[PDB]
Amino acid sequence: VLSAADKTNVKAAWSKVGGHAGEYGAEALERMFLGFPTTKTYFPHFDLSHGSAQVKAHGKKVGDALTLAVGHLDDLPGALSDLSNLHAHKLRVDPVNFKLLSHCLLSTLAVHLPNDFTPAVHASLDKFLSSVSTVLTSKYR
């Protein structure tokens, strides 16, 4: 799914994200919860209020998870194995929700890095998110 050009684009794109991966992850979640309320069903035990600290902490987790994946593009299945088990077997997240979060992540990146979010970057990042999403929804014990 990911070509060499895509891997290059991703690594370079994440380099611009820098240390803001957690902030972006948090904002993306806020955008997802408001834009698609259905996703809130998965976080009953959360305080989804405006500026919630729980969402902020979780955003950080999601952001680090993504930085982790960018470092292991040639073996996402193994580097994200524990995460797949959690989302696919334990949580049983509808794969549709992953498209929602990915779209909200791209939207957030477009807002903060308008000059760097080019068509090519957008395209590779999208394939990247799709790849990560497939790994987290597949039950390949």
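Numbering starts at 1 and runs along the sequence shown. What we label the rigid core is the largest C-alpha set whose atoms superpose within 1.5 Å from one form to the other.
- The segment moving more, judged by mean Cα distance from this form in 5 other deposited structures of this protein after a core overlay, is 44-52 among 73-81 and 44-52.
- Higher average CA B factor: 80-88, of the stretches 30-38 and 80-88.
- Stretch comparison (47-55 versus 93-101) by mean CA B-factor in the PDB entry places 47-55 on top.
- Placement of the Cα temperature factor of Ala69 within the chain: middle third of the modelled residues, per the deposited record.
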